[PDB]
């Protein structure tokens, strides 16, 4: 088993595949988990999603690296055997966009916040091939997110980064907060180096209001949690201002 220094541990319901871990969350949704080995510190887990939508699959976030992201595509090929139509990546940091080149080599259409694509070169990332844009209330402009099936993309405002986006899975009670949301038992909001400490609390709450009936909150570095992940994150963020 993989025992990361940071990130959730393995429990019943987890499938080890190569260097990665997969967990079924719903009949059509799986969480992918990949691990960055930090020398002298140990492994840091990062989570994303895989969603089946009829005869195709949709991905949220890459793994940390190209090779790990290729392993995600191999797991999808083995376990689902349907083509990946597109991937949405949730901001320009390594845990979310480190594996773009693997997606592109596979011919998968990639989407990110226009701002994430603009920041990518400055963050040592490769931009997605398509840019999402957002309304004044945070909802994605639908013309920029064609054929997204159940993925409902919401920009909650600046928080963990200025470009962080979130994704609800329509037809389920699952919503994905990425690195913006930490779990209900977290001590810290994680890396605040690129964070907006003034607006973080409002952005966390806006995510909760965007998906008000999501009962399972998925996030980058903990196991899926209740809505208390959202409220606890917001309460921690209240202390930043």
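Positions refer to the first chain, counted from 1.
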- For the stretches 181-189 and 42-50, which has the higher mean C-alpha B-factor as given in the deposited record? 181-189
- Which has the higher mean CA temperature factor in the PDB entry, 110-118 or 75-83? 75-83
- Note on the structure: Of the residues 15, 233, 226, 220, the one whose Cα carries the largest B-factor in the deposited record is 15
- If you check the C-alpha B-factor for each of 158, 168, 124, 138 in the entry, which is highest? 124
- Item | Chain-wide C-alpha B factor ranking for residue 153, given as lowest, middle or highest third | lowest
- residue 97 - Cα temperature factor, lowest/middle/highest third of chain: middle
- Taking the chain's C-alpha temperature factors as the reference, tell me which third residue 61 falls into: lowest, middle or highest. lowest
- By the record's CA B-factor, is residue 36 among the lowest, middle or highest third of residues in the chain? highest
- Note on the structure: The third of the chain into which the C-alpha temperature factor of residue 197 falls is the highest
